[PDB]
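Presented below is the structure to which this report refers.
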2 protein chains.
Amino acid sequence: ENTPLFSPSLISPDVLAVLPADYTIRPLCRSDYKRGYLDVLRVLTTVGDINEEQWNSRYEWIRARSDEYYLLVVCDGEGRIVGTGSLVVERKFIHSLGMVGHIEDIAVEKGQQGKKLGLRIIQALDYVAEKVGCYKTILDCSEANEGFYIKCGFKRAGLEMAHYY
Amino acid sequence: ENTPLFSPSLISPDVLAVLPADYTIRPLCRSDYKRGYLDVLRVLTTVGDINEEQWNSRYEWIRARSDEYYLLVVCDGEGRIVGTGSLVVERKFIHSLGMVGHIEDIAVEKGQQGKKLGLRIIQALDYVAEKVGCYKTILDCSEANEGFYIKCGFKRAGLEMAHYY
Ligand SMILES: CC(=O)SCCNC(=O)CCNC(=O)[C@H](O)C(C)(C)COP(=O)(O)OP(=O)(O)OC[C@H]1O[C@@H](n2cnc3c(N)ncnc32)[C@H](O)[C@@H]1OP(=O)(O)O
Ligand SMILES: CC(=O)SCCNC(=O)CCNC(=O)[C@H](O)C(C)(C)COP(=O)(O)OP(=O)(O)OC[C@H]1O[C@@H](n2cnc3c(N)ncnc32)[C@H](O)[C@@H]1OP(=O)(O)O
Ligand SMILES: O=P(O)(O)OC[C@H]1O[C@@H](O)[C@H](O)[C@@H](O)[C@@H]1O
Ligand SMILES: O=P(O)(O)OC[C@H]1O[C@@H](O)[C@H](O)[C@@H](O)[C@@H]1O
């Protein structure tokens with residue numbers, strides 16, 4: 001229930017050293033369903049009603065693929081989930097069978113925004129991608145939050161195109 | 001050796017109906033290493049020397065994940081690989097445990113460009129994403145090829161940001 005999704009060694013030690021007092025950054029675990037996880041995602045976009053059985057099934061799917069999916073959380077110093085982020089590591093043939101990190105689903109509870117938590121999430125996901133051998137990490141963002149990603153040391157690389165069904 | 005990576009039923013019948021005479025669109029198979037596959041990817045970006053053993057290992061990794069990775073090819077009417085495209089299907093918690101299709105590594109041999117082959121690749125990957133239950137498909141592109149994606153029925157949705165190691 002409390003077993004981390006992936007090795008705690010994958011959490012950047014430099015990030016751990018600089019996080020605000022009593023805050024924690026750590027891998028997701030199954031029991032995080034009970035600690036406000038999905039409510040944090042609600043700042044990003046819509047989530048829907050997800051029951052515990054459905055959570056458990058999707059969590060186990062992800063856990064079976066813990067060398068592709070890295071989901072982590074930031075907890076306040078009450079252990080409440082206040083921030084989320086994901087890295088998905090894609091395998092390619094190009095770049096001598098290279099791997100690309102994709103940062104996804106970055107969210108910080110409104111009341112906890114503007115305290116460097118999002119920066120620490122991005123730094124932590126960047127650390128994972130580099131450590132496992134990715135040649136780059138990419139993500140898509142809006143014009144309104146490009147400046148956040150600039151401050152995280154990302155640069156504009158292209159355009160996101162979409163087709164919604 | 002010739003076994004398709006994924007079910008031929010996942011190849012859009014409408015696309016099959018409209019492809020240029022004697023051209024084929026089909027899933028990747030292991031033996032495509034021998035039919036010019038990696039040379040097509042060289043129009044996109046750099047590939048590197050990949051030997052057959054390395055190909056086989058990465059192919060088998062992908063094949064083990066054929067419900068996440070869909071790689072397909074366009075063959076001319078000599079059965080030579082002249083176009084490539086990939087869809088990677090990401091699992092989310094948001095959107096009621098939704099899935100997002102990611103189109104990757106689209107390439108058409110220079111001599112075979114401008115004949116609707118890239119369009120057919122995108123239509124085929126779109127068909128797979130919708131059929132397996134994705135709520136959208138996204139990709140990143142350059143300013144110089146945005147017009148191609150417009151003609152494929154995609155719309156600008158945001159910015160791609162990158163951090164190269
Ligand atoms: C890949 C994706 O998932 S894109 C989707 C990102 N998520 C969202 O937009 C959902 C709503 N927003 C949020 O959850 C958060 O505000 C985030 C994730 C965008 C940023 O996290 P925060 O914890 O609020 O920001 P954090 O304090 O770490 O910001 C670091 C720096 O960027 C600044 N910043 C934060 N958001 C923005 C913005 N939209 N534009 C410009 N600057 C910003 C901060 O003020 C800070 O600046 P400083 O170094 O001068 O102090
Ligand atoms: C997600 C990614 O992988 S992005 C990377 C895409 N790949 C590359 O850029 C590598 C180099 N280029 C290529 O491999 C190819 O030219 C592709 C994939 C971009 C396009 O494939 P093609 O087979 O050449 O194009 P196709 O003939 O299907 O094009 C469909 C329509 O778009 C047009 N078109 C093609 N490329 C472009 C472009 N860069 N800008 C504007 N229009 C374009 C065609 O002329 C055609 O127009 P029409 O309907 O008026 O005839
Ligand atoms: O609900 P959507 O319209 O799919 O938006 C959600 C998406 O926003 C993008 O900007 C982020 O890069 C993605 O990580 C996130 O999944
Ligand atoms: O070699 P890179 O710099 O990683 O470029 C290759 C990448 O180009 C992008 O525009 C495409 O969306 C990706 O699918 C492709 O993987």
Side-chain angles (χ1 to χ4, degrees), chain A residues 5-7 10 27-28 57-71 86-105 125 128-129 131-138, chain B residues 1-11 25-33 37-38 41 44 47 50 52-73 81 84-93 97-107 121 124-140:
Chain A
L5 176 61
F6 63 83
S7 171
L10 277 167
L28 193 67
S57 292
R58 168 68 109 235
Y59 181 85
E60 294 304 328
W61 187 97
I62 291 165
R63 184 228 20 98
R65 296 160 177 84
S66 62
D67 61 359
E68 316 171 42
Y69 288 73
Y70 300 90
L71 281 59
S86 305
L87 181 79
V88 190
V89 172
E90 182 207 356
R91 276 62 165 191
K92 292 195 177 302
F93 286 108
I94 64 171
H95 287 259
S96 302
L97 299 186
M99 301 196 304
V100 172
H102 294 89
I103 282 175
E104 306 286 347
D105 302 333
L125 296 168
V128 174
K131 201 178 191 176
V132 304
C134 297
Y135 66 89
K136 67 177 186 186
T137 294
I138 69 181
Chain B
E1 203 199 345
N2 294 320
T3 301
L5 176 61
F6 63 83
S7 171
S9 71
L10 277 167
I11 305 294
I25 183 159
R26 71 158 164 78
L28 193 67
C29 66
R30 195 168 71 247
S31 58
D32 285 334
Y33 178 79
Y37 182 80
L38 290 174
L41 287 180
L44 211 207
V47 172
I50 293 164
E52 181 153 357
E53 298 66 52
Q54 289 177 291
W55 168 268
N56 289 343
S57 292
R58 168 68 109 235
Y59 181 85
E60 294 304 328
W61 187 97
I62 291 165
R63 184 228 20 98
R65 296 160 177 84
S66 62
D67 61 359
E68 316 171 42
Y69 288 73
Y70 300 90
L71 281 59
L72 52 74
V73 290
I81 308 296
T84 62
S86 305
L87 181 79
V88 190
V89 172
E90 182 207 356
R91 276 62 165 191
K92 292 195 177 302
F93 286 108
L97 299 186
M99 301 196 304
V100 172
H102 294 89
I103 282 175
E104 306 286 347
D105 302 333
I106 305 301
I121 290 166
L125 296 168
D126 250 316
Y127 173 90
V128 174
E130 192 283 335
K131 201 178 191 176
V132 304
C134 297
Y135 66 89
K136 67 177 186 186
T137 294
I138 69 181
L139 58 92
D140 296 312

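Letters A, B, ... are given to chains in the order of the sequence lines, protein chains preceding strands, and every chain is numbered from 1. What's counted below: heavy atoms across the whole structure, side chains too, no hydrogens, waters or symmetry copies.
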Do B:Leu10 and B:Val132 make a side-chain contact, defined as non-hydrogen atoms from C-beta onward lying under 4.5 Å apart? yes
Side chains of A:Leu5 and A:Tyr69: does their closest heavy-atom pair fall under 4.5 Å? no
With side chains defined as the heavy atoms from C-beta onward, is the minimum distance between B:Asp126 and B:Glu130 less than 4.5 Å? no
Value for CG (B:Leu38) from CD1 (A:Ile94), rounded to nearest 0.5 Å, stands at 11.0 Å
Measuring only between side-chain heavy atoms, which start at C-beta, is B:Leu125 closer than 4.5 Å to B:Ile106? yes
Looking only at heavy atoms, the pair that brings B:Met99 and B:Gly133 closest together is CE-C, 4.2 Å
Heavy atoms of B:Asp105 and B:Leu41 approach each other most closely as O-CD2, 4.1 Å
Between B:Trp55 and A:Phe93, how do the two ring planes meet: parallel, tilted or perpendicular, split at 30° and 60°? parallel
Nearest-0.5 Å distance, CG of residue B:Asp32 to CG of residue B:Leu71: 10.0 Å
To check you understand the geometry: which heavy-atom pair defines the closest contact between B:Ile50 and A:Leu97, and what is its length? CD1-CD2, 3.8 Å
Looking at every heavy atom in both B:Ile121 and B:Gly85, which two are closest together, and how far apart are they? CG2-CA, 3.8 Å
Would you check if B:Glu104 and A:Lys92 make a side-chain contact, meaning some heavy-atom pair closer than 4.5 Å? yes
Nearest 0.5 Å please: distance from the OG atom of B:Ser57 over to the CD1 atom of B:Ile62. 11.0 Å
Once you measure the plane-to-plane angle for B:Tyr70 and B:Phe6, does it fall in the parallel (<30°), tilted (30-60°) or perpendicular (>60°) bin? perpendicular
Looking only at heavy atoms, what is the nearest atom pair of B:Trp61 and B:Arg65, with distance? O-NH1, 3.0 Å
Does B:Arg91 come within less than 4.0 Å of B:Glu68, counting only side-chain N to carboxylate O? no
Quick one: pull up OH in B:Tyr59 and OG in B:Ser31 and give me the separation to the nearest 0.5 Å. 8.0 Å
Flag the pair A:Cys134 / A:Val89 as yes when at least one side-chain heavy-atom distance between them is below 4.5 Å, and no otherwise. yes
B:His102 vs B:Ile138, test: side chain to side chain contact (heavy atoms under 4.5 Å, CB included). Steps then yes/no. CA-CA 5 Å; B:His102 294 89; B:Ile138 69 181; 3.6 Å; yes
Rounded to the nearest 0.5 Å, what separates atom OG1 in B:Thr3 from atom CZ in B:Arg30? 7.5 Å
Between the CZ atom in B:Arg63 and the CG atom in B:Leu28, the distance rounded to the nearest 0.5 Å is 12.5 Å
